[PDB]
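Quick heads-up: it's one chain on its own, the form deposited in one PDB entry, in structure tokens.
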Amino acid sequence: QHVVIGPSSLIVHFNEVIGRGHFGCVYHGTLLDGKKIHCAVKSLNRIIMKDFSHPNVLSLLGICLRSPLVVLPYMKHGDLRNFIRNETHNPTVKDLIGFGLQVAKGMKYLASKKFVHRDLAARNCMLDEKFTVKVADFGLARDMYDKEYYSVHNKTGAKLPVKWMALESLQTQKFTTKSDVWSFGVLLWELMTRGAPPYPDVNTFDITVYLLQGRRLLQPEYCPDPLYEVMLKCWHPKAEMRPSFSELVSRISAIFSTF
């Protein structure tokens, strides 16, 4: 109720598409809070986060009752994967570790709230005008945009990002903060390669036996040795043996501080 935005306080620029998802489009929007704000509007045309508040977590501006609409802050620099892949951008190894640290802090907050993300990947993190990373694609903002990285379970209907998933998640379809810890390691490997696709020579069926063989993503050329050790710990076959997000924040901030 205290999340509701009056239709007169919002303009959805339906001709200005930010992105096309499975459950609906994200459009540019104008919102009157009495300041006029540029925002992003998620339509749920096919078919809790209000209490979440952390600088590295995507916040909910509100919902427009009126097709239901989800009003979110606007992210000037879009998703993290396309930002780092853009050949005209010049991030340094420090900028990239800085991004990883920011994601670890947002995930540390979410894990404390006992919230399991289930789809942590560089494509699911956003960058605002201050280059503040916001973990996104969760709660009311959850959706599938890049369908080539997902298998839809023919029984549950669950979207499964096979190449970001923990070995136990691939075997059971069960997701925990520790399987989110595994995806964080793949996300750090995405940062260090500037958005290369993970396991390009391994097809989605051969991935389980690949991981069972103790095989893992290889060290990217400009990845510092301690940061690769941090990735390797995220990918231990035993969920309990993996670091917590609190331990990842401490380890990564110490690596970031050596620069």
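The first residue of the shown sequence is 1; numbering continues from there. Think of the rigid core as the biggest set of C-alphas that the two forms share within 1.5 Å after superposition.
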Given the other compared entries that model the residues flanking it, would you say residue 76 is unmodelled in at least one third?
no
Where the other entries model residues on both sides, is residue 159 skipped in at least a third?
yes
Missing residues of the deposited chain between residue 33 and residue 34 number 1 to 3
Select one of none, 1 to 3, 4 to 9, or 10 or more to describe the deposited residues without coordinates separating residue 47 and residue 48.
10 or more
Once you work out the mean C-alpha B-factor for both 134 to 142 and 76 to 84 from the entry, which is higher?
134 to 142
Mean Cα B factor from the PDB record: higher for 168 to 176, or higher for 89 to 97?
168 to 176
Residue, from 199, 52, 228, 27, that the PDB entry assigns the highest Cα B-factor
52
Quick check for you: using the entry's CA B-factors within this chain, is residue 183 in the lowest, middle or highest third?
lowest
Position of residue 114 among the chain's modelled residues by C-alpha B-factor, lowest, middle or highest third:
highest
Third of the chain, ranked by Cα B-factor, where residue 194 sits
lowest
According to the PDB entry, is the CA B factor of residue 3 in the bottom, middle or top third of its chain, that is, lowest, middle or highest?
highest
Within this chain's modelled residues, let me know which third the CA B factor of residue 212 belongs to: lowest, middle or highest.
highest
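The following text describes the form deposited in another entry, which does not appear among the structures shown.
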After superposing on the rigid core, which residue among 130, 113, 147, 174 shows a C-alpha displacement of 2 Å or more between the shown form and the other one?
147
Rigid core fitted, then: does residue 238 show a CA shift of 2 angstroms or greater between the shown form and the other one?
no
Once both forms sit on the same rigid core, is the C-alpha displacement of residue 25 at or above 2 Å between the shown form and the other one?
yes
Note on residue 86-residue 22 C-alpha separation in the other entry, which departs from the shown form by 3 angstroms or more
closer
Hey, the CA atoms of residue 76 and residue 21 end up closer or farther in the other entry than in the shown form, with the change being 3 Å or more?
closer
